[PDB]
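Below you will find one chain, with nothing else, as structure tokens; this is the form solved without S-adenosyl-L-homocysteine (SAH), and questions on how it binds or moves follow later.
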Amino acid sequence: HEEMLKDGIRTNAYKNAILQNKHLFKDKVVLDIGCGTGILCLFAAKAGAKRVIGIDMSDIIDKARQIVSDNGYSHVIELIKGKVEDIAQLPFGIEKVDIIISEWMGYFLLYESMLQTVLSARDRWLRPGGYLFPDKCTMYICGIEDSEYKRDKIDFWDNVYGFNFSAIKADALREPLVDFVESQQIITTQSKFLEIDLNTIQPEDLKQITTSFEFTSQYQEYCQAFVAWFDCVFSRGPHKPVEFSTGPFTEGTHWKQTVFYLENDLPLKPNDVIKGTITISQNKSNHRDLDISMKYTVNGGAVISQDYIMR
């Protein structure tokens, strides 16, 4: 199924980062984590890499091997099946690589990401000073008006054909929504609240992420939710930076946005200052789940708290 995903904004960014930098890729040894059908391997080979190693799961690697052969790069691109953890060593006696390509960003950047895997491949195989394509992501958050969706899809559970489905409402509030929002719904300024630099970040830094955000209301309005997204930069390597956004002001990507519904709507007035804290950690019961807690104030008022689990 993933073998047929089309994300033009995504792929166009990788294409420019690689093919606009042939000078950089010429005779490098490139490793592609989670290569899928192999398009980024093909970009790397066309950019002049001398060796591309792509890793992914058995069935999709079989298809990519055929695509690489139809495109005349079997001599350059080698594709191996399995997880990075289970690979004792790279093929052909190769011990180091010059460039790691990956698509590590998950939903909300960190939900079901390949971040831990890319960091491990980096530590094992990247040469000092080698390049991660891409290497920086920045997360943004802001407040939106979203009462139609909240009434139709969250309050809906109070009266389901006359029955009380309140127990489901608590879960709807707890689960961040991966969905598109229209930029015209934004009612506050936009706050940067997280940066991940793959050049320097360490696995230990990702056990507990504690950060802050601050934005200002622009309207008299009730706020039903905060929406978050990330921008992505190919910062070291390209000769002019290449970046793309997953936010609501530009073309959609398969990451969409992430929507955090508030338990109680926030009465906002123009120039109200919302200051908050976000903690992110892997869920202890199910390590594939993500615990996200928020705490915030409006003009220094009482602390509103809310806890989320991405599952």
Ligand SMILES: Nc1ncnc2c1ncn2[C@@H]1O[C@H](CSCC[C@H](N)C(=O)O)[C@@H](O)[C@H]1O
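Shifts are known only where both forms have a C-alpha. All residue numbers refer to positions in the sequence shown, first residue = 1. For clarity, a rigid core is taken as the largest C-alpha set superposing within 1.5 Å between two forms.
Taking only CA atoms, the mean B-factor in the PDB entry is higher for 236 to 244 than for the other of 124 to 132 and 236 to 244. The deposited model assigns a higher average Cα B-factor to 298 to 306 than to the other stretch when 298 to 306 and 9 to 17 are compared.
Per the deposited record, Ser69 carries the highest C-alpha B-factor of all listed residues (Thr277, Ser69, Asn264, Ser281).
In the deposited coordinates, the residue among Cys142, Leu194, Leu177, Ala88 with the greatest CA B-factor is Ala88.
Split the chain's modelled residues into thirds by C-alpha temperature factor. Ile60 is in the highest one. In this PDB entry, the Cα temperature factor of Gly93 sits in the top third of its chain's modelled residues, the highest group. In the PDB entry, a CA B factor belonging to the lowest third of its chain's modelled residues is recorded for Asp146.
Annotation for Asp32: C-alpha temperature factor in the lowest third relative to the rest of the modelled chain, per the entry. Annotation for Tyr111: CA B-factor lies in the middle third of the chain's modelled residues.
Not pictured, yet referred to below: the form solved in complex with S-adenosyl-L-homocysteine (SAH).
Judged against S-adenosyl-L-homocysteine (SAH) in the deposited complex with a 4.5 angstroms heavy atom cut-off, the residues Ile186, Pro270 and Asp272 are out of contact without exception.
Partner proximity in the deposited complex, defined as non-hydrogen atoms within 4.5 angstroms of S-adenosyl-L-homocysteine (SAH), places exactly one of 216 to 224, 132 to 140, 198 to 206, 114 to 122 at the interface: 114 to 122. This chain lacks the partner; the member of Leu266, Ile55, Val29, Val259 within 4.5 angstroms of S-adenosyl-L-homocysteine (SAH) in the deposited complex by a non-hydrogen atom is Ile55. Contact annotation: of the candidates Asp171, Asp152, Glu85, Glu182, the single residue with a non-hydrogen atom within 4.5 angstroms of S-adenosyl-L-homocysteine (SAH) in the deposited complex is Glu85.
Under a 4.5 angstroms non-hydrogen atom cutoff, S-adenosyl-L-homocysteine (SAH) in the deposited complex has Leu40 among its neighbouring residues. The closest heavy atom approach of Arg10 to S-adenosyl-L-homocysteine (SAH) in the deposited complex falls within 4.5 Å.
Mapping the unseen interface onto this chain, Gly36 counts among the residues with a heavy atom inside 4.5 Å of S-adenosyl-L-homocysteine (SAH) in the deposited complex. S-adenosyl-L-homocysteine (SAH) is not drawn, but in the deposited complex it has a heavy atom within 4.5 Å of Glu103. Contacts of stretch 1 to 23 with S-adenosyl-L-homocysteine (SAH) in the deposited complex, defined by any heavy atom lying within 4.5 Å, are made by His1, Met4, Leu5, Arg10, listed in sequence order. Moving regions between this form and the one not shown, defined as 3+ consecutive residues each with a CA shift of at least 2 Å after core superposition, come down to one: 1 to 5.
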